[PDB]
């Protein structure tokens, strides 16, 4: 039998540097994980041990940290080139800066093929982008050939900014004729590599005849066999074996997100390209694997521009930005409003999945806000100013909560009001009124939440049994500040973008901000 090792990443989301275990900034330098330098170490070791190896990425390298804000994809081409990826599928985030932001930094500089069979170009763009991404690629591997076909979420127009000259076709209908072309070319080992989410990956394994293995992304799905090595709870075994409509066992794999795991799948094929066994598990890239010094030296070199960005003017304020603890731990503060508005706006512009692309409610612990920003002089705000406001190195995560849970979180927000501690919440898309003369646990007297999805979009009373989607710091999603009910009762929690980056890009895009105290939080 001929054995192929597939190494794969997906939804790296600009985590070029090593991170903490939850994908936020690495605070404890000896428990960090992921990053491209550590990835390279582990990939090089397997390439030395195994004769036939492919390294694939299933999309969403773009977006998430200062690396993408400053380098805009040039860092993705440079470091994926340095790692010698064999192919990549386009994900939705690859369109976040429009087709122009995809063609220049990435499609023109990458030294490997970039694939998607279901994106059709038209008008003027068609001979402009022509051949810059491919529906399939035949790759030699050792003494054999493997074909790779790409696909990208049809939800891309609602998530990103691909423009009106690209059509996203149904994946299975677009994939079948390309796999048929590979079969006509006598390629008998075919990987479908793409970015549509685990549900669609399972449907492709079942329905696209000729596909031997599916390597996917988009849904941040973690699969693992046996006792998992970190906090992620697996959605199924790895590989997740799906039997096809033509009765073959098709391994389906994904490797969570954020470059925290390297997916590692070994497949044995018979002489006719049928899979006769498959086994593996994602490898946790934790600090027991050293960062490769030649990649890390390049990371250090590229970081100099990022460190320089710290003093650059992002925008201006026309108001004093009151991030003092005497304000933000006690009442509505306009710095809290600004940060919640940024959290919302960034996720609406750049959402990771449709499930989250209408989120319009935000809570933020006031103890998370650590400095004011004065408008004298000229009102200039820089990254360095924001880093003093948000110094903890966190992310702004997405959670789905029952109303009863959120009501308990607002009771917790004032249960010991007056003690100057950090759990008092600033909000966006929420109007709350407290009556502090009432018993702890019964101080919320009105709690109305923005409803975006409906007749006349508006604030409506929170309902205990309805479910709501909220953006908030990772620190609160994990139950910090005593918000144990959030951690214990939430229905879904996805990690999101790095925090200072999110606020800096919001100010960059607004240019002039004027947040004000406007009645989001009242006391009666």
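Numbering follows the first chain given and starts at 1.
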Given the B-factors recorded for C-alpha atoms, which segment has the greater mean, 273-281 or 374-382? 374-382
Please compare 448-456 with 336-344 and name the stretch with the higher mean C-alpha B-factor in the deposited structure. 448-456
Entry record, C-alpha B-factors for 66, 56, 476, 26; the maximum is at 26
Looking at the C-alpha B-factor values in the deposited entry, which of 296, 443, 329, 202 comes out highest? 443
Using the temperature factors of the C-alpha atoms in this entry, rank residue 480 within its chain: lowest, middle or highest third. middle
Binned into thirds over the chain's modelled residues, the C-alpha B-factor of residue 316 lands in the highest
Split the chain's modelled residues into thirds by Cα B-factor; residue 356 lands in the middle
Relative to the other modelled residues in the chain, which third contains the C-alpha temperature factor of residue 510: lowest, middle or highest? highest
Determine, from the deposited record, the chain-internal third of the Cα B-factor for residue 155: lowest, middle or highest. highest
